[PDB]
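Data file: start-v9.pdb. Format and content: PDB, N, CA and C atoms.
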```pdb
ATOM      1  N   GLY A   1      12.944   4.681 -11.319  1.00  0.00           N
ATOM      2  CA  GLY A   1      13.060   3.420 -10.532  1.00  0.00           C
ATOM      3  C   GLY A   1      11.662   2.906 -10.182  1.00  0.00           C
ATOM      4  N   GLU A   2      11.550   2.129  -9.138  1.00  0.00           N
ATOM      5  CA  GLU A   2      10.215   1.596  -8.745  1.00  0.00           C
ATOM      6  C   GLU A   2       9.766   2.263  -7.443  1.00  0.00           C
ATOM      7  N   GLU A   3       9.454   3.529  -7.490  1.00  0.00           N
ATOM      8  CA  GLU A   3       9.012   4.236  -6.253  1.00  0.00           C
ATOM      9  C   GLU A   3       7.492   4.381  -6.259  1.00  0.00           C
ATOM     10  N   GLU A   4       6.894   4.367  -7.415  1.00  0.00           N
ATOM     11  CA  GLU A   4       5.411   4.500  -7.485  1.00  0.00           C
ATOM     12  C   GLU A   4       4.784   3.146  -7.176  1.00  0.00           C
ATOM     13  N   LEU A   5       5.517   2.099  -7.406  1.00  0.00           N
ATOM     14  CA  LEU A   5       4.988   0.740  -7.127  1.00  0.00           C
ATOM     15  C   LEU A   5       4.981   0.505  -5.615  1.00  0.00           C
ATOM     16  N   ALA A   6       5.792   1.230  -4.894  1.00  0.00           N
ATOM     17  CA  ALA A   6       5.831   1.052  -3.409  1.00  0.00           C
ATOM     18  C   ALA A   6       4.748   1.916  -2.761  1.00  0.00           C
ATOM     19  N   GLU A   7       4.498   3.080  -3.297  1.00  0.00           N
ATOM     20  CA  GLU A   7       3.453   3.960  -2.701  1.00  0.00           C
ATOM     21  C   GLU A   7       2.073   3.332  -2.917  1.00  0.00           C
ATOM     22  N   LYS A   8       1.920   2.531  -3.938  1.00  0.00           N
ATOM     23  CA  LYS A   8       0.598   1.890  -4.187  1.00  0.00           C
ATOM     24  C   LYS A   8       0.435   0.685  -3.255  1.00  0.00           C
ATOM     25  N   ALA A   9       1.476  -0.081  -3.063  1.00  0.00           N
ATOM     26  CA  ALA A   9       1.371  -1.257  -2.156  1.00  0.00           C
ATOM     27  C   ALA A   9       1.522  -0.783  -0.712  1.00  0.00           C
ATOM     28  N   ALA A  10       2.183   0.324  -0.514  1.00  0.00           N
ATOM     29  CA  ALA A  10       2.361   0.846   0.868  1.00  0.00           C
ATOM     30  C   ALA A  10       1.017   1.361   1.387  1.00  0.00           C
ATOM     31  N   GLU A  11       0.183   1.858   0.514  1.00  0.00           N
ATOM     32  CA  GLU A  11      -1.142   2.366   0.971  1.00  0.00           C
ATOM     33  C   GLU A  11      -2.103   1.189   1.132  1.00  0.00           C
ATOM     34  N   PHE A  12      -2.247   0.364   0.125  1.00  0.00           N
ATOM     35  CA  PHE A  12      -3.177  -0.801   0.281  1.00  0.00           C
ATOM     36  C   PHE A  12      -2.865  -1.465   1.621  1.00  0.00           C
ATOM     37  N   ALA A  13      -1.639  -1.364   2.067  1.00  0.00           N
ATOM     38  CA  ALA A  13      -1.272  -1.977   3.386  1.00  0.00           C
ATOM     39  C   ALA A  13      -1.997  -1.227   4.512  1.00  0.00           C
ATOM     40  N   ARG A  14      -1.814   0.068   4.608  1.00  0.00           N
ATOM     41  CA  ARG A  14      -2.496   0.840   5.684  1.00  0.00           C
ATOM     42  C   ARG A  14      -3.969   0.422   5.765  1.00  0.00           C
ATOM     43  N   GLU A  15      -4.626   0.274   4.646  1.00  0.00           N
ATOM     44  CA  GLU A  15      -6.067  -0.140   4.682  1.00  0.00           C
ATOM     45  C   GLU A  15      -6.153  -1.608   5.100  1.00  0.00           C
ATOM     46  N   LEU A  16      -5.109  -2.358   4.876  1.00  0.00           N
ATOM     47  CA  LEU A  16      -5.129  -3.798   5.256  1.00  0.00           C
ATOM     48  C   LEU A  16      -5.092  -3.924   6.781  1.00  0.00           C
ATOM     49  N   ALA A  17      -4.424  -3.020   7.443  1.00  0.00           N
ATOM     50  CA  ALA A  17      -4.348  -3.090   8.929  1.00  0.00           C
ATOM     51  C   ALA A  17      -5.676  -2.632   9.538  1.00  0.00           C
ATOM     52  N   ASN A  18      -6.365  -1.736   8.884  1.00  0.00           N
ATOM     53  CA  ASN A  18      -7.670  -1.252   9.437  1.00  0.00           C
ATOM     54  C   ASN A  18      -8.724  -2.353   9.299  1.00  0.00           C
ATOM     55  N   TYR A  19      -8.407  -3.414   8.608  1.00  0.00           N
ATOM     56  CA  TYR A  19      -9.392  -4.515   8.444  1.00  0.00           C
ATOM     57  C   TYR A  19      -9.069  -5.638   9.432  1.00  0.00           C
TER      58      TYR A  19
END
```
Whole structure, structure tokens version:
Amino acid sequence: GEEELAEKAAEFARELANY
């Protein structure tokens, strides 16, 4: 399914909040 596509966008997000 598309579970690796969520872990990649889910992380770029965590770094997006630190900015």
_When DSSP is applied to the backbone of this structure, which of chain A are assigned alpha helix (DSSP H)? Write them out as an MDAnalysis selection string._
chainID A and resid 4:17
Keeping only N, CA and C atoms, take the residues you just selected and write them out as a short mmCIF file (atom, residue, chain, number, x, y, z; two decimals), in the coordinates of the input.
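Final output, again.cif:
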```cif
data_model
loop_
_atom_site.label_atom_id
_atom_site.label_comp_id
_atom_site.auth_asym_id
_atom_site.auth_seq_id
_atom_site.Cartn_x
_atom_site.Cartn_y
_atom_site.Cartn_z
N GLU A 4 6.89 4.37 -7.42
CA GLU A 4 5.41 4.50 -7.48
C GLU A 4 4.78 3.15 -7.18
N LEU A 5 5.52 2.10 -7.41
CA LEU A 5 4.99 0.74 -7.13
C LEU A 5 4.98 0.50 -5.62
N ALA A 6 5.79 1.23 -4.89
CA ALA A 6 5.83 1.05 -3.41
C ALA A 6 4.75 1.92 -2.76
N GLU A 7 4.50 3.08 -3.30
CA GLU A 7 3.45 3.96 -2.70
C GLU A 7 2.07 3.33 -2.92
N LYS A 8 1.92 2.53 -3.94
CA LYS A 8 0.60 1.89 -4.19
C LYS A 8 0.44 0.68 -3.26
N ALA A 9 1.48 -0.08 -3.06
CA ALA A 9 1.37 -1.26 -2.16
C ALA A 9 1.52 -0.78 -0.71
N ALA A 10 2.18 0.32 -0.51
CA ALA A 10 2.36 0.85 0.87
C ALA A 10 1.02 1.36 1.39
N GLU A 11 0.18 1.86 0.51
CA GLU A 11 -1.14 2.37 0.97
C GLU A 11 -2.10 1.19 1.13
N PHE A 12 -2.25 0.36 0.12
CA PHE A 12 -3.18 -0.80 0.28
C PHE A 12 -2.86 -1.46 1.62
N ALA A 13 -1.64 -1.36 2.07
CA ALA A 13 -1.27 -1.98 3.39
C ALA A 13 -2.00 -1.23 4.51
N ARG A 14 -1.81 0.07 4.61
CA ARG A 14 -2.50 0.84 5.68
C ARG A 14 -3.97 0.42 5.76
N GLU A 15 -4.63 0.27 4.65
CA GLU A 15 -6.07 -0.14 4.68
C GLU A 15 -6.15 -1.61 5.10
N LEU A 16 -5.11 -2.36 4.88
CA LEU A 16 -5.13 -3.80 5.26
C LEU A 16 -5.09 -3.92 6.78
N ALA A 17 -4.42 -3.02 7.44
CA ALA A 17 -4.35 -3.09 8.93
C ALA A 17 -5.68 -2.63 9.54
#
```
_atom CA of residue 16 of chain A to atom C of residue 3 of chain A, distance in Å rounded to a single decimal_ = 18.9 Å
Using the file's own x, y and z axes, what box holds all listed atoms of segment 7-12 of chain A with 3 Å on each side, keeping edges along x, y and z, and what are its centre and edge lengths in Å to one decimal, as JSON?
```
{"center_x": 0.7, "center_y": 1.2, "center_z": -1.3, "size_x": 13.7, "size_y": 11.4, "size_z": 11.8}
```
